[PDB]
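Single-structure report; data block below.
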Ligand SMILES: C=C1/C(=C\C=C2/CCC[C@]3(C)[C@@H]([C@H](C)CCCC(C)(C)O)CC[C@@H]23)C[C@@H](O)C[C@@H]1O
Ligand SMILES: C=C1/C(=C\C=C2/CCC[C@]3(C)[C@@H]([C@H](C)CCCC(C)(C)O)CC[C@@H]23)C[C@@H](O)C[C@@H]1O
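Protein chains in written order, with the deposited numbering: chain A, 154 to 190, 251 to 452; chain A', 154 to 190, 251 to 452; chain B, 686 to 695; chain B', 686 to 695. A prime marks a further copy of an entry chain.
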């Protein structure tokens with residue numbers, strides 16, 4: 154068959170939303186506290262994540278149907294998915310060659326080791342990089358990548374969600390677009406869809422592990438004082 | 154006459170405390186979010262103030278008698294004086310020639326204008342620079358400068374103070390040392406002391422004005438999100 | 686309260 | 686609570 158106008162318009166909105174919230178040159182990274190190789254990398258990565266959350270929020274407000282949700286559900290969705298949306302969008306900077314996120318010269322190239330200096334362990338980093346590698350290999354089209362982020366963000370299976378019925382529906386309409394798109398516009402993408410949903414499950418586990426490690430980092434004021442207000446608000450338990 | 158051993162030991166402790174909490178090269182400033190010429254300078258100045266508070270705290274813990282106070286009174290004293298201790302120690306970087314705080318190349322030289330881009334008005338900056346100029350002209354000895362900071366920090370006239378009797382006494386012993394020192398070690402310093410106390414009063418007004426302007430900056434989340442946890446904690450009203 | 690998230694979500 | 690000030694004051 155072939156996509157519908159509404160389906161195609163949703164794709165247009167998401168692709169443009171992402172273009173408007175993701176710089177492939179990473180020129181803003183110089184405004185971040187410099188990276189440094251106890252948790253010497255925490256200041257830079259905190260600023261990177263904080264900047265990124267702001268971007269995820271901008272992209273979110275442009276997901277069709279999201280802004281109609283109550284402010285409470287928007288926040289519930291952002292708070293629980295932010296970390297996953299970030300791991301997803303970061304894949305654009307990940308490189309299978311050097312197994313790192315390359316965003317600049319020697320300074321903005323992030324290795325597993327560097328994240329270790331932000332207070333995280335292999336318990337998290339191993340699966341993360343493993344996830345980044347698997348996702349990169351799916352050679353997603355920008356359209357499928359942007360849909361995967363909108364779909365992940367509209368997971369009604371998040372703590373604190375209220376109108377989990379309307380959220381459920383919205384995620385479904387997006388899932389429909391992604392499925393149609395793959396079938397119609399992506400040759401050899403017969404299994405793709407199923408693989409992409411599997412990626413959402415890996416994100417849940419990564420999310421869980423990150424939350425544990427973040428909690429510890431969070432309870433130590435000497436470390437929490439290195440984070441930013443926004444990061445503290447989005448990853449905090451005060452709901 | 155001549156200073157006593159105890160009096161001289163207090164001077165030794167304060168001078169060394171200050172040396173251990175104030176770098177005249179300002180090499181740490183590169184770890185701060187870069188300055189930028251809506252409130253483009255706020256990120257850098259927030260980091261500068263946050264870094265400075267940490268330093269004021271280090272110096273404070275070394276003021277003789279301060280650490281014996283209850284944690285509650287230590288916090289009460291820090292929270293209400295921090296801003297003043299900062300304006301005082303900043304005089305070391307202020308220059309009458311260019312009417313600015315010079316801490317680095319073109320980047321770390323702060324003019325009234327730059328502070329304007331941090332959300333502050335002439336209502337504050339005018340008296341500040343005026344204060345910096347007057348204080349610089351007193352050509353204080355490092356010993357008198359360090360005493361003036363310890364004395365300002367131990368002002369029992371601060372909201373939230375409890376044991377205002379012991380604090381009162383401590384400030385008095387320091388005032389005694391400063392007075393003796395000026396008389397004994399500072400030629401032509403007959404009026405000095407009186408002038409230094411007058412400076413403490415100017416600081417109260419500067420403190421008040423800064424508090425007003427900070428409150429406004431503080432209530433706007435788009436701006437408060439640019440501050441740091443420590444700055445938010447020390448200048449916040451949650452006591 | 687989520688002061689920041691609220692403001693950013695416009 | 687002053688979590689940070691407390692910790693820094695040791
Ligand atoms: C951000 C983005 C980028 C990379 C993501 C990375 C590499 C460094 C370490 C990160 C930030 C992981 C860390 C486990 C998260 C640590 C955060 C904290 C210290 C608060 O717990 C998650 C995703 C990783 C760069 C660019 O792709 C934009 C994207 O948007
Ligand atoms: C810090 C230090 C220095 C300068 C102080 C300045 C210059 C820039 C503007 C400041 C930081 C004034 C601002 C009114 C305060 C703004 C803070 C905020 C935005 C939170 O409301 C107060 C003192 C001024 C450099 C060095 O002397 C160390 C010292 O320790």
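Just so you know, even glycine gets a beta-carbon here, dropped at the ideal spot from N, CA and C.
Nearest-angstrom Cα separation, counted from residue j out to residue i
i                       : j                       : result
residue 391 of chain A' : residue 292 of chain A  : 54 Å
residue 375 of chain A' : residue 364 of chain A' : 18 Å
residue 411 of chain A  : residue 331 of chain A  : 28 Å
residue 688 of chain B' : residue 264 of chain A' : 17 Å
residue 325 of chain A' : residue 422 of chain A' : 15 Å
residue 333 of chain A' : residue 309 of chain A' : 21 Å
residue 692 of chain B  : residue 267 of chain A  : 11 Å
residue 321 of chain A' : residue 276 of chain A' : 29 Å
residue 290 of chain A  : residue 434 of chain A  : 27 Å
residue 372 of chain A' : residue 177 of chain A  : 51 Å
residue 428 of chain A' : residue 443 of chain A' : 15 Å
residue 449 of chain A  : residue 259 of chain A' : 22 Å
residue 158 of chain A  : residue 425 of chain A' : 54 Å
residue 413 of chain A' : residue 314 of chain A' : 20 Å
residue 236 of chain A' : residue 439 of chain A  : Since the numbering of chain A' jumps from 190 to 251, residue 236 of chain A' cannot be located in this structure.
residue 323 of chain A  : residue 186 of chain A' : 19 Å
residue 233 of chain A  : residue 348 of chain A  : The residue list of chain A ends a segment at 190 and starts the next at 251, so residue 233 of chain A has no coordinates to report.
residue 160 of chain A  : residue 356 of chain A  : 12 Å
residue 252 of chain A' : residue 261 of chain A' : 15 Å
residue 404 of chain A  : residue 352 of chain A  : 13 Å
residue 307 of chain A  : residue 301 of chain A  : 10 Å
residue 166 of chain A' : residue 278 of chain A' : 11 Å
residue 156 of chain A  : residue 367 of chain A  : 21 Å
residue 690 of chain B  : residue 256 of chain A' : 19 Å
residue 377 of chain A' : residue 452 of chain A' : 17 Å
residue 358 of chain A  : residue 406 of chain A  : 11 Å
residue 694 of chain B  : residue 188 of chain A' : 27 Å
Residue nearest to residue i in terms of C-alpha spacing, selected from the options
i                       : options                        : result
residue 305 of chain A  : A/387, A/171, A/256            : A/171
residue 416 of chain A  : A/312, A/162, A/452, A/296     : A/296
residue 369 of chain A  : A/381, A/360, A/423            : A/381
residue 288 of chain A  : A/270, A/303, A/298, A/300     : A/270
residue 273 of chain A  : A/399, A/414, A/427, A/362     : A/362
residue 379 of chain A  : A/187, A/256, A/283            : A/283
residue 299 of chain A  : A/452, A/402, A/447            : A/447
residue 388 of chain A' : A'/360, A'/261, A'/399         : A'/360
residue 190 of chain A  : A/319, A/161, A/175, A/262     : A/319
residue 396 of chain A  : A/181, A/168, A/354, A/174     : A/354
residue 350 of chain A  : A/168, A/316, A/409            : A/409
residue 254 of chain A' : A'/327, A'/366, A'/301         : A'/327
residue 317 of chain A' : A'/343, A'/179, A'/337, A'/445 : A'/179
residue 303 of chain A' : A'/175, A'/337, A'/339, A'/294 : A'/175
residue 294 of chain A  : A/441, A/420, A/430, A/445     : A/420
residue 163 of chain A' : A'/386, A'/337, A'/339         : A'/386
According to DSSP, residues forming a beta bridge with residue i
i                       : result
residue 303 of chain A' : According to DSSP, which records beta bridges pairwise, residue 303 of chain A' is partnered with nothing at all.
residue 424 of chain A  : Answer is none; residue 424 of chain A lacks a bridge partner.
residue 308 of chain A  : A/313
Buried or exposed (CB count within 10 angstroms, at least 16 for buried), residue i
i                       : result
residue 432 of chain A' : exposed
residue 154 of chain A' : exposed
residue 183 of chain A' : exposed
residue 384 of chain A  : buried
residue 281 of chain A  : exposed
residue 345 of chain A  : buried
residue 311 of chain A' : exposed
residue 402 of chain A  : buried
residue 468 of chain A' : Residue 468 of chain A' lies beyond the residue range present for chain A', which begins at 154 and ends at 452; the question has no answer from this structure.
residue 335 of chain A  : exposed
residue 418 of chain A  : exposed
residue 400 of chain A' : exposed
Heavy atom of ligand 4 within 7 Å of residue i beta-carbon
i                       : result
residue 170 of chain A' : With respect to small molecules bound, the structure shown includes ligand 1 and ligand 2 and not ligand 4.
Exercise. For the segment 320-402 of chain A, list the alpha helix (DSSP H) runs that are entirely contained and at least 4 residues long, ordered along the chain.
Key: 325-329, 335-349, 355-366, 377-398
Practice problem: Entirely within the segment 425-450 of chain A' and at least 4 residues each: give me those alpha helix (DSSP H) ranges in chain order. | Solution: Segments of the alpha helix (DSSP H) lying fully in the segment 425-450 of chain A': 434-437, 442-447.
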